[PDB]
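Heads up, the chain shows up twice below as structure tokens, two forms, tagged structure 1 and structure 2.
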Structure 1
């Protein structure tokens, strides 16, 4: 079956070792993909008007007792101690986000406050359940919590729902199934609060014309969940996105704002992650493309090769020029024959391969080749640069000219 663990070794993306179970060593080229995904999410955070923060890796166990995590996550939480106190390594970003909200006086005028983080979390998942990038102990969530009034729930859940379909469409995921995860057996909050949170999410889905199934007893301890599963090109299901309505944690953590009539009020909190674990999302993408990443995600977008020693200076000039123009480009000046070089970069799935022989030096042009074997012939360097810039800017799925 397509396997990201094999593709990832082939393409030198990352590795794992038993010295750090379920924790990824990101090699240069894999980290390049991770960083480009973060650039993409940030573009969406800007458009959708989110803050971006960073909360600490560890906080005192007492805070985690207060939230309800200690009772409901105890087993899954890594603990460490210093000077007679115990700290939990964070399994979730939400408590940190509340501590940031709690700094200073908040007004109804500050709401809806949308707070995002690339949140680096750890959970002590059983070793026997771990699997490549898909099931890890250290994962990074494209997380956010929205602080809002009850009157704002509708519009904010809607914005989260749009964002899911918006973002998945960029990667070519258009087949999406939705579920509503209802009250678990171990939960905090009254049944009436639950009645209300569940109906709020059902109503949002209904008004969006999104059909769903129930997922009985699978909501969070703090609130119910809209869960979004995409299907890939092999029609495999991946549950990724989550939208969660929380009437419990803010009160538990003494969060408040001053309302219009100057009465003190507790905000509602919406939790959401669209990609889920970025580690897992990269694993899925690697399998979806079978290594043929779109140019905007490809770790190396262009390799420029000499025929021999003769054209080294020209290829060096070209490499520098394309790099200044923001393309991930490298020069292959090695000993070997032209066909040894192109095979190597073809198997590395580099989008474009520029060939530079004696006649290219004198014309100021490049012979352009793709990783799917297409001969794009001689091209001017400025044309090559402009078309790649356009491909990258637009985050296009396919290369030049095809169906």
Structure 2
């Protein structure tokens, strides 16, 4: 149950000293990553987010306007061109505010939700690096919500719902929640902090989430909620964050015209659910020990012959399943059927399809799961439909 070993075994990714803390995603790991992308994007549609893409580097002058340069310059990668300094982005928030600043906005346009699978880079100390979980380059399931003060509590609600929707998809039901209150050095008045912390507290109350305070741990520009999921070994993983921000939009001249036709600065909410997706793939690898749910498995089906008397029946079925959008391969090698099955069982393929002449003539397939339960011979059309239903529903469990 160690993702670095499973990662090498299943050929998912590798890393090397020429690029410390930066992942090389091989075909099969990248398939997991992209399947996560598709799932998140399905959520962005359902919860009505825009998806944008910002540039990898911006002028360091801009990073000073944010105030982040003064605090976290050392975690930043800088480069040069024509006598200007640029930083490679460690976060997506200012870029999103830059998208927001194009075109006059109106209260009509808020809440405005803006997501990005944003590639970030942080100059992490090399000795702290570890596999997929402490890296220098990661991708974040990142969104920012611009809204009015009246819309905060409804927008946080939506984020809270999103969190439990997505964690439960992976079997994570034990979640611990913490609210981080005002730190010693902060901006804003005590009254503004009073209602900011109240909005986060009330949102969790309307959702029936018990929670607990992390006193003084809040950012200098707002409180936050932090979500911690527990894996099947009862290790805690902080993944989710909803973070209120009353400083950045004003620092970057974001404004909208209000109901009263006066100019107003929007509230910004920062939220990620998986957090860093390389890290989340790491958790999943260990939570599942490599036996990924069908919808995540790099290879969902392998089809095998008994003799060469079925090689083309296999090939036609491989094609048939592929047209159904199933990641399927054929194993027509001249090896014993128990050799092939161990090969693909070691590779954690969810379903092994075997065709003898017994089943070639009837139009069926014999079906074996990776755990070793034999489901016998079923009609191909019924097998394909049952596979699709399992994939579309992102089922954690296989057939029976």
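Residue numbers count along the first chain shown, from 1. Between two forms, the rigid core is defined as the largest C-alpha subset superposing within 1.5 Å.
Splitting the chain into two rigid parts for the change between structures 1 and 2, with each C-alpha assigned to the part whose superposition fits it better, puts residue 338 and residue 138 in the same part. Hinge motion between structures 1 and 2 is captured by two rigid parts, the smaller swinging by 15° against the larger on C-alpha superposition. Core superposition gives residue 362 a CA displacement of 1.8 Å between structures 1 and 2. Once the two forms are overlaid on the core, residue 221 shows a Cα shift of 4.4 Å between structures 1 and 2.
Structural comparison between structures 1 and 2 after rigid-core fitting shows the C-alpha of residue 271 displaced 0.3 Å.
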